[PDB]
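1. one piece of my complex first, more on the way:
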Amino acid sequence: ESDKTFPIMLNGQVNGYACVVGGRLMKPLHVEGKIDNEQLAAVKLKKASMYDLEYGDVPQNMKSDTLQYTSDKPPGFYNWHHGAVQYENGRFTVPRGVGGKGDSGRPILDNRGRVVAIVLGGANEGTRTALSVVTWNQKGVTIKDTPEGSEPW
Amino acid sequence: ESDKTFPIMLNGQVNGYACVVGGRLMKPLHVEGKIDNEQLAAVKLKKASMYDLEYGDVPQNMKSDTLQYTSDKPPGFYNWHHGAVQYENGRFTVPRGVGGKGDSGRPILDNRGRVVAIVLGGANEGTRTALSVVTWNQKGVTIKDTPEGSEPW
């Protein structure tokens, strides 16, 4: 996560994270800033506005060492830069209080080192915080699951 | 591998390897040279140019002693003259700095001593080197796997 995840600069401040999976680099659209990596600045990004994202083809020297993808999502605990995230009832949730602005684009990793989802925002229910993210399907369909009241981070 | 893999010569320099599999001889097209063995020199080489290959029917005596192909490909590691080649997401790679020109046609071996792919070229990508090769399939099909930037060895 630390090696492959790159901060984004907005007037010298961290405001998001750009994630590379399977030889393609994705970044949330709502987060505005410049990629710290000099090379990635030259990568052309094509935008899915309805999904609030931009994805681009990555160079030849770093596509292999990428966060390997997966699609199987049994309910339970999953890895996360800030700790563990609970996937239950087809919803990703975290303890209420952790996470906020600037954490958009944070990858959610698996126990074996693969990516299950990418964070875009969160909504606080008081008890927990439900994360509005993008979750994949067995048929290769990426659904942007956003619980009611979601606000992008 | 050593017993049943025959180099091809050109002006005293080895430039490619021919392989006997399934009772038939195969030799790649991008390399030009002379087959070392005298008995197989009399075979007429039927060419598949779009497959970058030639194939031929071997004589009677040696058809019993040939390498065996395979269709099932469990992802992971596979044997090779220069060590272990790593197979994942439908792609073959090797640690960088391993392999080079003149290694074309060298088969990929597995645990039970049967061929799973034939090396044709490789693109160096820094972290690893992606092997542009030819592979089998479940429904009796031959498919090329040539990543971007592939250059024929």
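-> Perfect, thanks for sending it. Numbering: from 1, shown residues only, chains lettered A, B, ... in the order given.

2. excluding chain neighbours, what is closest to the residue of chain A found nearest chain B?
-> Nearest to chain B in chain A, going by CB to the nearest CB, is residue A:61, at a distance of 3.9 Å. Placement of C-beta: from N, CA and C, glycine included. Setting aside the residues directly before and after it, residue A:61 is nearest to residue B:126 in space (CB to CB, 6 or more residues apart in numbering or on different chains), at 3.9 Å.

3. dump the residue contacts of that neighbour.
-> A:60-62, B:96 (CB atoms under 8 Å, 6 or more residues apart in numbering or on different chains).

4. can we see that at 10 Å?
-> By CB atoms under 10 Å, 6 or more residues apart in numbering or on different chains, the contact set of residue B:126 is A:59-65, B:96.

5. just the strands in chain A please.
-> Taking DSSP state E as the test, the strands found in chain A are A:6-10, A:13-21, A:24-28, A:34-35, A:46-48, A:53-57, A:76-80, A:83-88, A:91-95, A:107-109, A:115-124, A:128-135, A:143-145, A:151-152.

6. these into JSON lines, with extra columns for mean neighbour count and distance to chain B?
-> Shown next, in JSON lines, are these (neighbours: other CB atoms under 10 Å in any protein chain shown; distance: least, CB to the nearest CB, whole Å):
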{"stretch": "strand A:6-10", "mean neighbour count": "17", "distance to chain B": "16"}
{"stretch": "strand A:13-21", "mean neighbour count": "20", "distance to chain B": "11"}
{"stretch": "strand A:24-28", "mean neighbour count": "21", "distance to chain B": "13"}
{"stretch": "strand A:34-35", "mean neighbour count": "15", "distance to chain B": "19"}
{"stretch": "strand A:46-48", "mean neighbour count": "11", "distance to chain B": "17"}
{"stretch": "strand A:53-57", "mean neighbour count": "16", "distance to chain B": "9"}
{"stretch": "strand A:76-80", "mean neighbour count": "16", "distance to chain B": "20"}
{"stretch": "strand A:83-88", "mean neighbour count": "15", "distance to chain B": "23"}
{"stretch": "strand A:91-95", "mean neighbour count": "19", "distance to chain B": "25"}
{"stretch": "strand A:107-109", "mean neighbour count": "22", "distance to chain B": "17"}
{"stretch": "strand A:115-124", "mean neighbour count": "23", "distance to chain B": "13"}
{"stretch": "strand A:128-135", "mean neighbour count": "22", "distance to chain B": "20"}
{"stretch": "strand A:143-145", "mean neighbour count": "15", "distance to chain B": "22"}
{"stretch": "strand A:151-152", "mean neighbour count": "14", "distance to chain B": "31"}
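
7. go ahead and place chain C:
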Amino acid sequence: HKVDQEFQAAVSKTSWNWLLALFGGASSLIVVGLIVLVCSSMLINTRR
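-> The block that follows adds chain C to the chains above:
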């Protein structure tokens, strides 16, 4: 001239057919574009 020259009945059916075909080409094109967009949206929603 014993009869006035109008606009509707003043052009041959060859010219009328050509003009109608040329304009209906664009009309058909825009409607097929609209239904293509609609069906793509419905397919995205259904398979979402």
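
8. ok chain C is loaded, check the contacts of residue B:126 again?
-> Residue B:126 sits next to A:59-65, B:96 when contact means CB under 10 Å, 6+ apart.

9. what of residue A:73?
-> Going by CB under 10 Å, 6+ apart, the list of residues near residue A:73 reads A:87, A:90, A:92, A:110, A:116-117, A:135-138.

10. residue A:34 now?
-> A:8-11, A:40-41.

11. for chain A, what's the nearest residue on chain C?
-> residue C:48 (5.4 Å).

12. what helix or strand is residue C:31 located in?
-> If you go by DSSP states H and E, residue C:31 is part of helix C:13-47.

13. ok, back up a step: which of the contacts of residue A:34 sits closest to residue B:152?
-> Within those, proximity to residue B:152 (CB to CB) peaks at residue A:40, which comes in at 30.3 Å.

14. neighbours of the closest one, just the number please.
-> Look at residue A:40: counted by other CB atoms under 10 Å in any protein chain shown, it has 19 neighbours.

15. what's the burial count for residue 12?
-> Since no chain was named, I'll use chain A. Residue A:12: 6 neighbours (other CB under 10 Å).

16. ah, no, chain C please
-> So residue C:12, with other CB under 10 Å, has 8 neighbours.

17. what does residue A:104 give?
-> By other CB under 10 Å, neighbour count at residue A:104 equals 26.

18. dump the residue contacts of the most centrally placed residue in chain A.
-> Nearest residue to the geometric centre of chain A (CA atoms, centre = their mean): residue A:118, 2.3 Å. By CB under 10 Å, 6+ apart, the contact set of residue A:118 is A:17-19, A:21, A:26-28, A:53, A:67, A:104-108, A:133-135, A:142.

19. which residues of chain A lie near chain C?
-> By the rule CB under 10 Å from any CB of the partner chain, the part of chain A lying against chain C is A:50, A:137, A:139, A:141-145.

20. okay, the nearest residue to residue A:97 once chain neighbours are set aside and residue A:90: tell me how far apart.
-> Counting by CB to CB, 6+ apart, residue A:97 lies nearest to residue A:129, which is 7.6 Å off, once chain neighbours are set aside. Per CB to CB, to the nearest Å, residue A:129 is found 16 Å from residue A:90.
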